[PDB]
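Colleague: My structure is stored as upload_18.txt, with compact mmCIF, C-alpha atoms and all ligand atoms.
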# COMPACT_ATOMS: atom_id res chain seq x y z
CA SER A 1 0.00 0.00 0.00
CA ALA A 2 2.98 2.32 0.64
CA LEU A 3 4.36 1.20 -2.77
CA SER A 4 0.83 1.35 -4.17
CA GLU A 5 0.44 5.09 -3.37
CA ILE A 6 3.92 5.84 -4.78
CA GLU A 7 2.91 3.98 -7.98
CA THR A 8 -0.33 5.85 -8.56
CA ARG A 9 1.25 9.13 -7.35
CA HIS A 10 4.00 8.53 -9.98
CA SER A 11 1.43 8.12 -12.76
CA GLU A 12 -0.14 11.45 -11.87
CA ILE A 13 3.24 13.15 -11.71
CA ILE A 14 3.87 11.99 -15.29
CA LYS A 15 0.40 13.11 -16.34
CA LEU A 16 1.15 16.52 -14.79
CA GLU A 17 4.51 16.78 -16.60
CA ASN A 18 2.81 16.04 -19.96
CA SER A 19 0.36 18.94 -19.45
CA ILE A 20 3.05 21.33 -18.26
CA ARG A 21 5.09 20.40 -21.36
CA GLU A 22 2.02 21.04 -23.56
CA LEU A 23 1.50 24.35 -21.77
CA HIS A 24 5.20 25.26 -22.32
CA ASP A 25 4.92 24.45 -26.01
CA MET A 26 1.90 26.77 -26.38
CA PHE A 27 3.64 29.56 -24.59
CA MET A 28 6.63 29.12 -27.08
CA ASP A 29 4.33 28.90 -30.12
CA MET A 30 2.51 32.04 -28.97
CA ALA A 31 5.72 34.02 -28.67
CA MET A 32 7.02 32.86 -32.10
CA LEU A 33 3.62 33.76 -33.54
CA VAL A 34 3.47 37.19 -32.00
CA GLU A 35 7.16 37.88 -32.91
CA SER A 36 6.50 36.96 -36.53
CA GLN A 37 3.52 39.29 -36.60
CA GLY A 38 5.81 41.97 -35.06
CA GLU A 39 7.63 41.96 -38.39
CA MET A 40 4.46 42.06 -40.56
CA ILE A 41 3.35 45.12 -38.54
CA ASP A 42 6.68 46.83 -39.01
CA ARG A 43 6.18 46.75 -42.83
CA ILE A 44 2.50 47.83 -42.59
CA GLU A 45 3.49 50.73 -40.32
CA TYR A 46 6.15 51.72 -42.84
CA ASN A 47 3.84 51.38 -45.86
CA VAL A 48 1.12 53.41 -44.08
CA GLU A 49 3.46 56.22 -42.85
CA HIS A 50 4.60 56.75 -46.46
CA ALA A 51 1.02 56.69 -47.81
CA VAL A 52 0.25 59.38 -45.21
CA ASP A 53 3.16 61.50 -46.48
CA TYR A 54 2.10 60.89 -50.08
CA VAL A 55 -1.56 61.87 -49.67
CA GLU A 56 -0.54 64.96 -47.56
CA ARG A 57 1.90 66.32 -50.17
CA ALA A 58 -0.58 65.68 -53.01
CA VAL A 59 -3.37 67.72 -51.35
CA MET B 1 9.84 -13.12 2.13
CA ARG B 2 12.87 -10.82 2.69
CA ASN B 3 13.54 -10.83 -1.10
CA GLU B 4 9.96 -9.70 -1.73
CA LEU B 5 10.04 -6.74 0.72
CA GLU B 6 13.42 -5.59 -0.61
CA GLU B 7 12.15 -5.75 -4.21
CA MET B 8 9.10 -3.60 -3.29
CA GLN B 9 11.22 -0.98 -1.44
CA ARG B 10 13.67 -0.72 -4.28
CA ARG B 11 10.72 -0.23 -6.66
CA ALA B 12 9.24 2.49 -4.40
CA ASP B 13 12.63 4.21 -4.22
CA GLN B 14 13.23 4.32 -7.87
CA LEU B 15 9.71 5.29 -8.83
CA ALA B 16 10.01 8.09 -6.28
CA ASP B 17 13.39 9.09 -7.70
CA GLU B 18 11.72 9.46 -11.17
CA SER B 19 8.82 11.52 -9.73
CA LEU B 20 11.50 13.87 -8.26
CA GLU B 21 13.33 14.17 -11.62
CA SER B 22 9.87 14.98 -13.13
CA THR B 23 9.24 17.80 -10.69
CA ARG B 24 12.69 19.21 -11.54
CA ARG B 25 11.80 19.15 -15.27
CA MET B 26 8.44 20.70 -14.47
CA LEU B 27 10.29 23.53 -12.81
CA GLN B 28 12.41 24.30 -16.00
CA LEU B 29 9.32 24.07 -18.24
CA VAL B 30 7.25 26.58 -16.18
CA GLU B 31 10.13 28.96 -15.70
CA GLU B 32 10.70 29.06 -19.45
CA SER B 33 6.92 29.43 -20.10
CA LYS B 34 6.87 32.51 -17.81
CA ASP B 35 9.70 34.08 -19.81
CA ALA B 36 8.00 33.32 -23.12
CA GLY B 37 4.72 34.67 -21.66
CA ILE B 38 6.39 37.91 -20.48
CA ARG B 39 8.14 38.35 -23.82
CA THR B 40 4.76 37.94 -25.51
CA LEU B 41 3.15 40.63 -23.40
CA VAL B 42 5.95 43.07 -24.19
CA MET B 43 5.75 42.48 -27.98
CA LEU B 44 1.95 42.83 -27.85
CA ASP B 45 2.27 46.08 -25.94
CA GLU B 46 4.77 47.46 -28.56
CA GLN B 47 2.52 46.26 -31.43
CA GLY B 48 -0.52 47.77 -29.71
CA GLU B 49 1.10 51.24 -30.09
CA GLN B 50 2.16 50.47 -33.67
CA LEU B 51 -1.42 49.64 -34.59
CA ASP B 52 -2.51 52.92 -32.88
CA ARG B 53 -0.12 54.85 -35.14
CA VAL B 54 -1.45 52.95 -38.22
CA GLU B 55 -5.08 53.72 -37.32
CA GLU B 56 -4.22 57.42 -36.75
CA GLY B 57 -2.49 57.32 -40.14
CA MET B 58 -5.65 55.89 -41.76
CA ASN B 59 -7.61 58.77 -40.07
CA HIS B 60 -5.08 61.29 -41.47
CA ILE B 61 -5.55 59.90 -44.99
CA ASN B 62 -9.25 60.02 -44.44
CA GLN B 63 -9.24 63.76 -43.58
CA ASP B 64 -6.97 64.68 -46.53
CA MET B 65 -9.31 62.84 -48.90
CA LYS B 66 -12.10 65.09 -47.54
CA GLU B 67 -9.92 68.05 -48.54
CA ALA B 68 -9.36 66.52 -52.01
CA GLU B 69 -13.14 65.95 -52.44
CA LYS B 70 -14.02 69.49 -51.36
CA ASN B 71 -11.49 70.73 -53.96
CA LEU B 72 -13.04 68.58 -56.72
CA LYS B 73 -16.57 69.77 -55.68
CA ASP B 74 -15.28 73.34 -55.86
CA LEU B 75 -13.83 72.85 -59.41
CA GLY B 76 -17.08 71.29 -60.76
CA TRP B 77 -15.45 67.85 -61.26
CA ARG C 1 -2.78 19.25 -3.71
CA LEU C 2 -1.47 17.37 -6.76
CA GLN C 3 -5.00 17.34 -8.17
CA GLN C 4 -5.43 21.10 -7.87
CA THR C 5 -2.30 21.45 -10.08
CA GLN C 6 -3.39 19.10 -12.87
CA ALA C 7 -6.71 20.95 -13.27
CA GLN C 8 -4.99 24.37 -12.90
CA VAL C 9 -2.55 23.57 -15.75
CA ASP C 10 -5.27 22.19 -18.01
CA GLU C 11 -7.18 25.46 -17.52
CA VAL C 12 -4.23 27.60 -18.72
CA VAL C 13 -3.86 25.14 -21.65
CA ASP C 14 -7.45 25.76 -22.63
CA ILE C 15 -6.94 29.45 -22.29
CA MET C 16 -3.67 29.44 -24.36
CA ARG C 17 -5.40 27.34 -27.09
CA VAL C 18 -8.15 29.98 -27.52
CA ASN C 19 -5.45 32.70 -27.47
CA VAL C 20 -3.37 30.93 -30.14
CA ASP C 21 -6.62 30.64 -32.19
CA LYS C 22 -7.09 34.36 -31.95
CA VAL C 23 -3.54 35.02 -33.09
CA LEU C 24 -3.90 32.71 -36.13
CA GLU C 25 -6.91 34.93 -36.85
CA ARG C 26 -4.81 38.10 -36.30
CA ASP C 27 -2.16 36.54 -38.67
CA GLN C 28 -4.86 36.22 -41.33
CA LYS C 29 -5.90 39.90 -40.98
CA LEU C 30 -2.27 41.08 -41.57
CA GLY D 1 13.34 9.20 1.89
CA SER D 2 12.67 12.64 3.35
CA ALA D 3 15.24 14.88 1.53
CA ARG D 4 13.70 13.56 -1.75
CA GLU D 5 10.06 13.99 -0.55
CA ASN D 6 10.71 17.50 0.80
CA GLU D 7 12.36 18.62 -2.44
CA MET D 8 9.52 17.04 -4.47
CA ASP D 9 7.10 19.04 -2.29
CA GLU D 10 8.95 22.35 -2.62
CA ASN D 11 9.23 21.82 -6.38
CA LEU D 12 5.47 21.24 -6.72
CA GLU D 13 4.61 24.14 -4.44
CA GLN D 14 6.81 26.25 -6.72
CA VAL D 15 5.37 24.93 -9.98
CA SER D 16 1.81 25.69 -8.66
CA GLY D 17 2.60 29.32 -7.77
CA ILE D 18 4.06 29.76 -11.23
CA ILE D 19 0.98 28.09 -12.88
CA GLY D 20 -1.01 30.89 -11.15
CA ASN D 21 1.08 33.55 -12.87
CA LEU D 22 0.82 31.77 -16.23
CA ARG D 23 -3.00 31.80 -15.95
CA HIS D 24 -2.95 35.55 -15.23
CA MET D 25 -0.56 36.12 -18.18
CA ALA D 26 -2.70 34.00 -20.57
CA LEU D 27 -5.86 35.95 -19.66
CA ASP D 28 -4.26 39.45 -20.17
CA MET D 29 -2.84 38.10 -23.45
CA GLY D 30 -6.33 37.04 -24.56
CA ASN D 31 -7.76 40.44 -23.73
CA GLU D 32 -5.06 42.45 -25.45
CA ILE D 33 -5.48 40.30 -28.53
CA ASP D 34 -9.28 40.76 -28.59
CA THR D 35 -8.69 44.52 -28.46
CA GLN D 36 -6.06 44.54 -31.17
CA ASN D 37 -8.36 42.23 -33.35
CA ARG D 38 -11.18 44.80 -33.24
CA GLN D 39 -8.63 47.52 -33.97
CA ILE D 40 -7.26 45.60 -36.94
CA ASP D 41 -10.83 45.23 -38.25
CA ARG D 42 -11.31 49.06 -38.12
CA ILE D 43 -7.93 49.45 -39.91
CA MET D 44 -8.88 47.05 -42.72
CA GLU D 45 -12.22 48.78 -43.17
CA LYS D 46 -10.62 52.26 -43.19
CA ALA D 47 -7.86 51.19 -45.62
CA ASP D 48 -10.40 49.79 -48.07
CA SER D 49 -12.61 52.87 -47.70
CA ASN D 50 -9.49 55.07 -48.19
CA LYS D 51 -8.51 53.15 -51.37
CA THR D 52 -12.01 53.48 -52.85
CA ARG D 53 -11.95 57.22 -52.32
CA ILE D 54 -8.43 57.48 -53.73
CA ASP D 55 -9.45 55.54 -56.86
CA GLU D 56 -12.61 57.62 -57.21
CA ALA D 57 -10.85 61.01 -56.81
CA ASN D 58 -8.33 59.91 -59.51
CA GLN D 59 -11.15 58.72 -61.83
CA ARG D 60 -12.93 62.05 -61.49
CA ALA D 61 -9.64 63.77 -62.22
CA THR D 62 -8.98 61.56 -65.32
CA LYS D 63 -12.14 63.06 -66.83
CA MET D 64 -10.38 66.51 -66.61
CA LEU D 65 -7.91 65.43 -69.38
CA CA A 101 9.22 45.68 -34.32
CA CA A 102 11.69 44.87 -37.78
CA CA A 103 9.76 -11.21 -8.15
CA CA A 104 13.49 -8.99 -8.42
Let me see the file written as structure tokens.
Ligand SMILES: [Ca+2]
Ligand SMILES: [Ca+2]
Ligand SMILES: [Ca+2]
Ligand SMILES: [Ca+2]
Modeller:
Amino acid sequence: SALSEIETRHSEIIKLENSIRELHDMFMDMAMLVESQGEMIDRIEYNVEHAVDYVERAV
Amino acid sequence: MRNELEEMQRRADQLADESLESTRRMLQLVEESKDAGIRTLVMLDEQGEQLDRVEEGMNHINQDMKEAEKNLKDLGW
Amino acid sequence: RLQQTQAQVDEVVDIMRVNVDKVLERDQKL
Amino acid sequence: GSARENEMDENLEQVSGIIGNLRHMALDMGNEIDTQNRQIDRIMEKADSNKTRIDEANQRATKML
């Protein structure tokens, strides 16, 4: 029974590690995803700022 | 009987040793998650302000096109 | 106390999955 | 043994506290993204509206020639 509670406790430890690992992988994916979009927004901000200048000079 | 008790104890020990190693790995995985999470919040905050500037810039364009239209209306075109 | 952790982690997982779905959506708008 | 059990217990206590921060971070993230998604939607709309008016102004002008 001492061994028995270690054995089932062990299974739950492993289950907990799997979830934590899944959670860690999501937190890494999110950051990659947001970083990538950081770069798409740099170009949009640049394209827009120049369209602003264009329209302003033309009027 | 002594062989059986010793076998059980050694199994308990070793299973417990693996549960410890697992909690150590958990600790590295949550620590790193926190850092990724923090990094994400900082990038999102930066990008939030970038999107504000873009929206403002679309509002700018908007108002200058109202000037252009008022000019065309004035010139009969 | 172990049990309160497994459920706590699976809640964050659910929350991060929705969040990642929104950001795939935000990726599509850009 | 008790040095192993005590360490396993401090580790888990520590993981738990950090899971609590991760939940808080994931929720803020979610909110900030909902807000930026609405904002992106107003930007897309305004960019398309801006481009229609640009094309129109030019087409009116091209009649001047
Ligand atoms: Ca940037
Ligand atoms: Ca850049
Ligand atoms: Ca045997
Ligand atoms: Ca044996």
Colleague: What residues in chain B lie within 9 Å of chain D, counting all atoms listed in the file, written as number ranges by chain?
Modeller: B: 13, 16-17, 19-24, 26-27, 30-31, 33-34, 37-38, 40-41, 44-45, 47-48, 51-52, 54-55, 58-59, 61-62, 65, 68-69, 72, 77
Colleague: Which residue, B:35, B:46, B:6, B:18, has the smallest gap to ligand CA 101 (chain A) when you use all atoms listed in the file?
Modeller: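 Smallest distance to ligand CA 101 (chain A) is found for B:46.
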Colleague: Can you check which residues of chain C have any atom within 8 Å of chain A? Use only C-alpha atoms and format it as a ChimeraX atom specification.
Modeller: /C:2,5-6,9-10,12-13,16-17,20,23,27,30
Colleague: Neighbours of ligand CA 104 (chain A) at 10 Å or closer, counting all atoms listed in the file: which residues, as number ranges by chain?
Modeller: B: 3-4, 6-8, 10-11
Colleague: Tell me which protein, DNA and RNA residues are within 9 Å of residue 12 in chain B, counting only C-alpha atoms, leaving out same-chain ones fewer than 6 positions away, and put them as a PyMOL selection string.
Modeller: chain A and resi 2-4+6-7
Colleague: Just checking: using all atoms listed in the file, which residue out of A:28, A:11, A:45, A:1 ends up closest to ligand CA 101 (chain A)?
Modeller: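 Ranking A:28, A:11, A:45, A:1 by distance to ligand CA 101 (chain A), first place goes to A:45.
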Colleague: When the cut-off is 8 Å and you count only C-alpha atoms and all ligand atoms, which residues lie near ligand CA 102 (chain A), shown as an NGL selection string?
Modeller: :A and (38-39 or 42-43)
Colleague: Using all atoms of range 14-17 of chain C that appear in the file, construct an axis-aligned enclosing box with 3 Å of padding on every side and provide its centre coordinates and edge lengths in Å, rounded to one decimal, as JSON.
Modeller:
{"center_x": -5.6, "center_y": 27.6, "center_z": -24.7, "size_x": 9.8, "size_y": 9.7, "size_z": 10.8}
Colleague: I'd like to know which of B:14, B:67, B:49, B:36 is closest to ligand CA 101 (chain A), using all atoms listed in the file.
Modeller: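 Under the stated criterion, the closest residue is B:49.
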Colleague: Taking only C-alpha atoms and all ligand atoms into account, which of B:50, B:63, B:9, B:28 comes nearest ligand CA 101 (chain A)?
Modeller: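 Going through B:50, B:63, B:9, B:28 one by one, the smallest distance to ligand CA 101 (chain A) is for B:50.
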Colleague: Work out how far CA of residue 22 in chain C is from CA of residue 46 in chain A, in Å to one decimal.
Modeller: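 Answer for the CA of residue 46 in chain A to CA of residue 22 in chain C separation: 24.4 Å.
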Colleague: Could you please determine the separation between CA of residue 32 in chain A and CA of residue 43 in chain B in Å, to one decimal place?
Modeller: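 Straight-line distance from CA of residue 32 in chain A to CA of residue 43 in chain B works out to 10.5 Å.
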Colleague: May I ask for the distance between CA of residue 55 in chain A and CA of residue 38 in chain D, given in Å to one decimal place?
Modeller: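 Taking CA of residue 55 in chain A as the start and CA of residue 38 in chain D as the end point, the length is 25.6 Å.
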Colleague: Between B:73, B:15, B:53, B:1, which has the minimum distance to ligand CA 103 (chain A) (counting all atoms listed in the file)?
Modeller: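 When distances to ligand CA 103 (chain A) are compared using all atoms listed in the file, the smallest one comes from B:1.
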